[PDB]
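Notes follow the structure.
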Ligand SMILES: *[C@@H]1O[C@H](CO)[C@@H](O[C@@H]2O[C@H](CO)[C@@H](O[C@@H]3O[C@H](CO[C@H]4O[C@H](CO)[C@@H](O)[C@H](O[C@H]5O[C@H](CO)[C@@H](O)[C@H](O)[C@@H]5O[C@H]5O[C@H](CO)[C@@H](O)[C@H](O)[C@@H]5O)[C@@H]4O)[C@@H](O)[C@H](O[C@H]4O[C@H](CO)[C@@H](O)[C@H](O)[C@@H]4O[C@H]4O[C@H](CO)[C@@H](O)[C@H](O)[C@@H]4O)[C@@H]3O)[C@H](O)[C@H]2NC(C)=O)[C@H](O)[C@H]1NC(C)=O
Ligand SMILES: CN1C(=O)N(c2c(Cl)cccc2Cl)Cc2cnc(NC[C@H](O)c3ccccc3)nc21
Ligand SMILES: [Ca+2]
Ligand SMILES: [Cl-]
Ligand SMILES: [K+]
Ligand code: NA
Ligand SMILES: [Zn+2]
């Protein structure tokens with residue numbers, strides 16, 4: 051109950067909310083049906099509209115007016131935004147030349163430049179160029195401030211997950227808002243866009259920016275705006291808050307616009323009807339900047355213009371129906387649309403089996419427009435698994451398509471022409487970022503970056519210490535004039551051992567064989585030097601990775617490659633090698649086809665054994681440094697060492713072999729040499745973090761050899777490709793992947809064909825940031841370069857998306 055009997059007099063858009071039965075006057079009261087009786091009359095005034103006119107200039111204050119054109123309005127902080135323009139001969143902000151803002155130019159009493167977040171729903175990245183003619187205020191922000199060509203949203207590219215990621219720096223799996231619709235089995239409760247349950251605090255994890263600010267003594271305007279409050283009123287309210295006295299005035303504010311998303315759904319991303327919503331957003335930005343200029347705040351405030359996600363063309367006729375695949379369709383619940391999530395309709399149904407559902411949905415139709423996954427098999431870059439609110443069965447839907455349970459759901463519930475929600479690497483899902491103000495750089499373009507990074511920057515902008523989050527703090531330092539965050543590299547936790555020759559061949563009873571007993577101080581001094589690390593400068597270009605946890609491991613040197621060998625996991629944590637543009641691919645010679653050699657630096661007790669692979673009918677093995685790329689026939693023997701061997705399903709070997717035999721050379725040829733670091737990943741609990749030994753669910757039969765869930769590679773070269781990878785003077789270029797180590801190739805519908813027709817497509821889908829690999833391995837890469845650490849952090853957050861140009 052709300053006794054709506056109090057008054058909103060002098061309380062309009064109060065910043066501190068009152069607890070019922072006292073009625074509310076805050077910008078959310080409408081949503082709780084809890085506004086005081088006079089809320090509309092006092093707080094949502096509209097009389098005379100939103101602009102001053104020549105005849106209103108110098109008028110006597112009439113409190114009924116929506117905004118004011120009287121002489122007292124400026125000090126009252128409630129002029130119409132165009133007051134000075136109409137009445138005092140000022141120019142609109144958009145008509146002023148831009149001028150570098152080198153320092154905050156704030157009124158006396160401001161302790162820090164305020165931050166205003168101007169968030170626009172569904173604002174696709176390509177609108178900045180394609181709509182430039184009709185958005186002059188936004189274009190001035192973009193060209194004069196710091197801008198990216200686009201900003202990557204999180205998956206799913208829905209509104210609530212992305213806005214909350216913007217506010218927290220967290221992946222949806224960590225903040226808990228994993229969709230616009232959700233069921234939490236622990237609460238036994240549902241979350242929807244419409245309704246009340248979404249207001250319950252138990253849905254919202256992490257620590258959003260307004261809470262971070264409050265806790266550290268920085269006041270925040272309220273971020274949420276009732277849909278019925280018009281945009282002009284939201285702007286005027288922010289401007290009024292900015293005129294509060296020093297002790298009450300917030301330092302952080304957000305505006306939100308439901309456009310252009312609202313019209314995009316109806317008309318498609320580029321419908322002719324889309325021009326007007328873009329013009330209207332621009333006019334709103336103009337109102338804010340004119341209003342800031344009137345208050346002498348236009349060179350004081352940092353403004354961020356940011357979207358949540360883009361918008362794609364999607365129509366009813368592009369719907370796949372699960373009823374065309376499943377006989378048991380009524381035994382499931384589907385969260386439908388641009389992603390699919392499946393669970394059992396009833397938990398008392400013992401016959402329900404996710405394995406058979408997956409199988410009935412796998413590669414059934416020639417041009418099938420969705421692909422089923424167990425959530426832990428989704429591309430790791432999506433970070434979409436470690437939350438009980440994410441169903442075990444997921445469908446990744448092709449851009450432009452929907453999935454639904456049955457046709458009745460689509461025709462009994468074509469209206470829409472646009473939607474969003476798809477894979478966050480999809481170009482149409484990309485959104486915008488512009489930062490403008492004293493703390494941002496002047497006339498600067500920065501590379502595309504992920505929205506998880508912004509929370510750290512907004513904290514930097516407000517002098518706040520960010521709560522723990524998924525951004526990489528410092529990776530966006532290049533956006534900022536000042537207030538940069540200068541992190542130190544993490545300390546190595548475990549130092550390596552450097553074993554020499556300590557074991558005789560006959561101490562090994564591994565069931566391994568090799569035809570190598572075919573034997576000179578010219579080349580024996582030479583090979584000892586290589587085993588001591590004489591070529592390590594060539595193969596370890598950026599220093600050895602640091603191990604950031606407690607473990608026991610050995611560095612192993614070889615002519616063609618260097619590795620950090622784990623005595624706990626019985627395999628390398630990493631293997632590093634450089635392949636020059638000129639390098640030649642050779643074959644595994646016939647006499648070495650099944651060769652595995654004991655490594656006399658590493659005890660039998662810390663080695664794999666060939667017998668376990670022989671006995672394990674499902675499990676085979678591969679090599680981290682590929683024999684195909686050996687520098688010479690003699691160096692090739694090194695690649696067959698038991699310490700270079702890793703467990704691989706035969707199905708996965710098809711992928712790995714094509715990567716090593718064909719793709720590495722191709723990249724070296726295209727990029728003028730590459731350095732590669734490859735290794736295993738163990739993530740059995742799908743939390744995106746390195747497993748401890750006690751978390752491993754699968755071993756090679758009869759052995760303590762743990763089976764990786766994934767294999768990574770990090771492929772680094774010179775950004776200036778006219779310089780060879782091993783002789784690079786400036787910035788680096790990287791692409792990486794985290795390939796799922798799967799016993800079948802069911803994920804690839806064309807895998808019966810030659811690897812040249814399906815492997816690269818699989819690898820593109822499993823593209824990764826180095827930072828993702830760091831989380832998954834507890835390793836820290838690029839420790840020894842000539843580059844600034846912030847630049848290296850930016851490199852580590854880079855994702856090679858393989859999408860064409862926006
Ligand atoms: C991205 O960034 C984020 C933020 O840094 C990273 O997430 C963190 O990962 C940490 C390491 O796993 C994790 O640390 C754990 O914290 C537990 C206490 O957590 C509570 O308190 C914090 C602080 O206020 C709070 O943030 C948490 O909020 C979570 O939980 C609620 C759900 O009830 C949600 O509202 C919220 O959204 C968030 O959920 C997310 O995280 C949890 C895990 O905490 C997931 O399960 C959810 O699915 C969701 O993703 C909590 O309120 C603490 O209990 C843990 O300690 C256990 O394990 C350690 C192992 O080292 C051990 O030392 C302890 O003794 C303890 O073990 C005991 O409990 C075990 C489990 O019950 C049991 O098995 C044992 O036998 C023992 O009895 C642990 O320290 C941290 O909470 C999250 N933080 C957040 C915000 O998510 C994330 O890793 C980053 N991602 C990537 C890819 O890098
Ligand atoms: C997303 N969103 C909605 O979907 N709304 C809605 C609509 Cl339009 C129709 C039906 C039901 C609902 Cl709930 C109303 C709404 C109101 N205010 C906001 N503010 C977002 C805030 O500024 C912010 C938060 C995090 C980071 C940057 C900015 N977001 C809303
Ligand atoms: Ca893990
Ligand atoms: Cl959803
Ligand atoms: K085998
Ligand atoms: Na297949
Ligand atoms: Zn939408």
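Numbering (PDB author numbering), first residue to last: 51 to 463, 468 to 573, 576 to 862.
C-beta: ideal position from N, C-alpha, C; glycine also.
If you check the C-beta of residue 514 against ligand 5, you find no heavy atom less than 8 Å away. For residue 766, the distance from the CB to the nearest heavy atom of ligand 1 is not below 8 Å. A distance criterion of 8 Å places the beta-carbon of residue 653 beyond contact range of ligand 1, judged by its closest non-hydrogen atom.
In this structure residue 274 is exposed. Its beta-carbon is surrounded by fewer than 16 other beta-carbon atoms within 10 angstroms. The Cβ atoms of residue 616 and residue 552 lie no closer than 9 Å to each other. A distance below 9 Å separates the beta carbons of residue 76 and residue 64.
For residue 650, the Cβ stays outside the 8 Å cut-off from all heavy atoms of ligand 5.
In the DSSP assignment, the residues bridged to residue 370 are 453. With a beta-carbon spacing of about 7 Å, residue 408 and residue 443 fall inside the 8 Å limit used to define contacts. With the rule of 3 Cβ pairs closer than 8 Å, the stretch 486-495 counts as touching the stretch 184-197. In the same chain as residue 708, and ignoring 5 residues on each side of it, the C-beta atoms closer than 7 Å to its own belong to 797 and 798, in chain order. If you draw a straight line from the Cα of residue 486 to the Cα of residue 793, it is about 26 Å long.
One Cα belongs to residue 271, the other to residue 220, and the distance between them is close to 22 Å. Rounded to the nearest whole angstrom, the CA to CA distance from residue 664 to residue 582 is 28 Å. Excluding five sequence positions before and after residue 404, the CB atoms of its chain that fall closer than 6 Å to its own CB belong to 442 and 443, given in chain order. Rounded to the nearest whole angstrom, the C-alpha separation of residue 237 and residue 445 is 24 Å. For residue 772, the number of other beta carbons within 10 angstroms of its own is at least 16, and it is reported as buried. Cβ-Cβ separation between residue 702 and residue 677: approximately 6 Å, consistent with a contact (criterion under 8 Å). For residue 393, the closest of 368, 412 and 439 by C-alpha to C-alpha distance is 439. Per DSSP, the beta bridge partners of residue 499 are 197. Taking 9 Å as the cut-off, the Cβ atoms of residue 213 and residue 292 do not count as close. In this structure, the C-beta of residue 806 approaches ligand 6 to less than 8 Å from one of its heavy atoms.
Distances from the CA of residue 627 to each of 250, 763 and 476 were compared; the closest alpha carbon is that of 763. In the structure shown, the three-state DSSP call for residue 336 is helix. In the displayed model, residue 160 falls within coil according to three-state DSSP, outside both helix and strand.
Ligand 3 approaches residue 740 closely enough that one of its heavy atoms is under 8 Å from the residue's Cβ.
Rounded to whole angstroms, the gap between the alpha carbons of residue 729 and residue 199 is 29 Å.
Here residue 557 is not bridged, per DSSP, to any residue. By the 16-neighbour rule on beta-carbons within 10 angstroms, residue 249 is exposed. The stretch 773-783 and the stretch 679-689 do not touch, with fewer than three beta-carbon pairs separated by less than 8 Å. Annotation for residue 817 indicates a beta carbon at 8 Å or more from all heavy atoms of ligand 6. Looking at the DSSP output, residue 362 shares a beta bridge with 473. In the structure shown, residue 586 adopts helical secondary structure according to DSSP, grouped into three states.
Between residue 137 and residue 99, the gap from beta carbon to beta carbon reaches 9 Å or more.
Runs of alpha helix (DSSP H) with 4 or more residues, each lying fully within the stretch 515-551, are absent. Annotation for residue 276 indicates a beta carbon within 8 Å of some heavy atom of ligand 2.
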